[PDB]
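For the numbers below, each heavy atom of this structure counts, side chains included, while hydrogens, waters and symmetry mates do not. Each residue takes its place number in the sequence, starting with 1.
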Amino acid sequence: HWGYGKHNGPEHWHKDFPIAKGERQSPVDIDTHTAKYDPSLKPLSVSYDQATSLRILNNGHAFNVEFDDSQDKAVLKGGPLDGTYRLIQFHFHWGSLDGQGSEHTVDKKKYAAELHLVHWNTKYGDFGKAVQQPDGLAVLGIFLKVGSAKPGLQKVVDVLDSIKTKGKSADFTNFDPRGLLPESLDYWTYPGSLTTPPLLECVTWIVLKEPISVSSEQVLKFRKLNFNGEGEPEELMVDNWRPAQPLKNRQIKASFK
Ligand SMILES: O=C(O)c1ccccc1S
Ligand SMILES: [Zn+2]
């Protein structure tokens with residue numbers, strides 16, 4: 001199946017998932033000079049105080065931190081969004097080297113990694129029905145650069161050696177995703193897609209301008225995970241990013257002047 005290698009990576013995905021060449025694929029390059037301030041944007045509200053994390057899973061692509069989304073607990077609203085979107089999971093994309101790893105780029109600059117906090121529109125009842133809708137999902141995208149450590153990341157880093165291989169999971173209760181947010185909520189937004197198969201075109205992307213800093217030691221631990229399952233040859237989990245796709249008939253809006 002699909003992955004990030006030479007023979008199954010992003011340039012092959014279109015064969016099984018033809019929407020890979022669709023009209024609102026993600027990620028994209030964010031040209032900061034072309035992005036326009038949008039005064040119709042409402043203030044963004046990231047309300048994560050009652051978040052209930054449950055588990056961390058290596059899915060042979062990245063690792064997912066999953067949340068209990070059975071009640072309105074951790075939600076994203078305002079900004080470009082109509083209504084209330086509930087956090088269901090987060091994960092990252094990263095590189096083999098600090099010069100690459102993010103999926104969005106900013107004036108062609110690649111960051112060392114990118115965090116995606118995935119939410120679904122509660123008007124659609126569950127995540128499965130939300131991914132059949134053009135406004136089913138909202139993904140909050142946050143860049144990571146290598147510099148000072150991010151303390152609120154360390155609980156994630158320290159659990160990784162327990163989910164080294166594909167199919168492994170661990171308890172991951174009481175993790176507070178507020179510790180992953182930068183100071184500013186300035187952001188860019190545009191309509192796009194999931195960035196792994198099945199590449200569904202359901203996402204309002206909200207990409208924060210301010211990166212968070214993580215330490216070289218934190219990101220090195222990401223790079224010690226494995227794409228392979230236990231008892232199989234080691235293939236390090238690195239470079240699990242999709243590159244920027246054509247912007248097509250879209251405009252990137254900025255929340256800031
Ligand atoms: O983030 C993604 O791109 C993704 C892709 C497939 C399934 C779930 C997700 S959340
Ligand atoms: Zn992602």
Side-chain angles (χ1 to χ4, degrees), residues 2 13 16-28 38 40-57 59 61-93 103-104 114-142 169 172 175-178 180-181 185 187-208 242 245 247-253 255:
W2 71 267
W13 292 354
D16 276 345
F17 305 97
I19 201 170
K21 293 177 175 281
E23 290 304 299
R24 49 177 282 189
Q25 289 290 289
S26 292
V28 296
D38 186 347
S40 72
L41 293 170
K42 300 180 82 164
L44 191 66
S45 183
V46 187
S47 297
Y48 287 172
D49 47 285
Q50 314 271 84
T52 291
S53 61
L54 295 176
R55 192 172 71 132
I56 192 171
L57 169 63
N59 67 8
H61 315 286
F63 60 85
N64 296 344
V65 177
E66 305 158 345
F67 285 80
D68 168 15
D69 70 340
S70 73
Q71 288 177 263
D72 262 336
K73 272 184 191 226
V75 308
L76 178 69
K77 63 192 329 211
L81 305 173
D82 188 344
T84 291
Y85 288 66
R86 203 170 280 182
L87 175 68
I88 177 168
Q89 60 111 289
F90 72 74
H91 61 272
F92 301 83
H93 309 267
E103 290 202 318
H104 295 86
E114 185 173 329
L115 166 59
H116 287 161
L117 295 130
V118 180
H119 312 70
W120 56 269
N121 191 332
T122 57
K123 75 187 281 176
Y124 303 122
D126 60 46
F127 171 90
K129 180 71 173 202
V131 304
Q132 295 174 66
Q133 318 303 150
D135 63 346
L137 298 181
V139 181
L140 182 58
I142 299 176
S169 72
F172 206 60
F175 177 79
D176 192 336
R178 294 176 292 188
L180 297 174
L181 303 179
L185 296 179
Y187 65 83
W188 293 282
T189 183
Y190 71 99
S193 71
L194 296 178
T195 68
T196 57
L199 303 169
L200 303 173
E201 285 181 338
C202 317
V203 182
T204 297
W205 277 95
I206 294 172
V207 178
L208 295 194
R242 189 193 199 189
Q245 302 297 307
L247 188 60
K248 301 209 161 153
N249 183 216
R250 293 174 293 179
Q251 287 172 334
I252 296 170
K253 302 300 194 177
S255 70

- Message: Working note: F175 + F90, criterion ring-ring contact (aromatic ring centres under 6.0 Å, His included); need CA distance, chi angles, decisive distance, verdict.
- Response: CA-CA 11 Å; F175 177 79; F90 72 74; 5.7 Å; yes

- Query: Considering only heavy atoms from C-beta outward, does the side chain of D72 approach that of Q50 to under 4.5 Å?
  - Reply: no

- Item | Any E201 side-chain heavy atom under 4.5 Å of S193 side chain | yes

- Note on the structure: Here the pair of heavy atoms bringing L87 nearest to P177 is CD2-CG, 4.2 Å

- What do you reckon, is CG of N249 surrounded by more than 12 foreign heavy atoms closer than 6.0 Å? no

- Show your working on side chain to side chain contact (heavy atoms under 4.5 Å, CB included) between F67 and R86 and close with a plain yes or no. CA-CA 10 Å; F67 285 80; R86 203 170 280 182; over 6 Å; no

- Closest non-hydrogen atoms of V65 and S53, given as atom of the first, atom of the second and distance, are CG1-CB, 4.2 Å

- Message: Within the 4.5 Å heavy-atom criterion, are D68 and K73 side-chain neighbours or not?
- Response: yes

- Query: How close do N59 and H61 get, heavy atom to heavy atom, and via which atoms?
  - Reply: OD1-N, 2.9 Å

- Query: Shortest non-hydrogen contact from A138 to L81?
  - Reply: CB-CD2, 3.8 Å

- Message: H93 and side-chain hydrogen bond (donor to acceptor under 3.5 Å, both in side chains): which single residue from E114, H104, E103, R242 fits?
- Response: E103

- Item | Separation between CD of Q25 and CD of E23, rounded to the nearest 0.5 Å | 9.5 Å

- Message: Would you say CD of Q251 has more than 12 non-hydrogen atoms from neighbouring residues, nucleotides or ligands within 6.0 angstrom?
- Response: no

- Message: Contact between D135 and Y85 at the side-chain level, heavy atoms closer than 4.5 Å - yes or no?
- Response: yes

- Query: When rounded to the nearest 0.5 angstrom, what is the spacing between OG in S45 and CG in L76?
  - Reply: 7.5 Å

- Query: Do other residues, nucleotides or ligands put more than 12 heavy atoms under 6.0 Å from the CG atom of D126?
  - Reply: yes

- Any side-chain heavy-atom pair from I252 and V207 closer than 4.5 angstrom? no

- Task: Verify the distance criterion only: is there a donor paired with an acceptor across the side chains of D69 and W120 at less than 3.5 Å?
- Result: yes

- Do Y48 and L117 come close enough that some side-chain heavy atom pair is under 4.5 Å? yes

- Mind listing the closest non-hydrogen atom pair of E66 and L57 along with its distance? OE2-CB, 3.7 Å

- Query: Going by heavy atoms in the side chains, are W2 and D16 under 4.5 Å from each other?
  - Reply: no

- Measure the spacing between OG1 of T195 and CD of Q245 and express it to the nearest 0.5 Å. 9.5 Å

- Side chains of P80 and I206: closer than 4.5 Å at any heavy-atom pair? yes

- More than 12 heavy atoms of other groups within 6.0 Å of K77 NZ: no

- Query: So how far is it from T204 OG1 to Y190 OH, rounded to the nearest 0.5 Å?
  - Reply: 10.5 Å

- Query: Distance from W13 atom CH2 to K21 atom NZ, nearest 0.5 Å?
  - Reply: 13.5 Å

- Item | Closest contact, heavy atoms only, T189 versus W205 | OG1-O, 2.7 Å

- Go through the steps for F127 and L137 under the test side chain to side chain contact (heavy atoms under 4.5 Å, CB included), then give the verdict. CA-CA 8 Å; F127 171 90; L137 298 181; 3.6 Å; yes

- Message: Measuring from atom OG of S255 to atom CG of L208, what distance do you get when rounded to the nearest 0.5 angstrom?
- Response: 8.5 Å

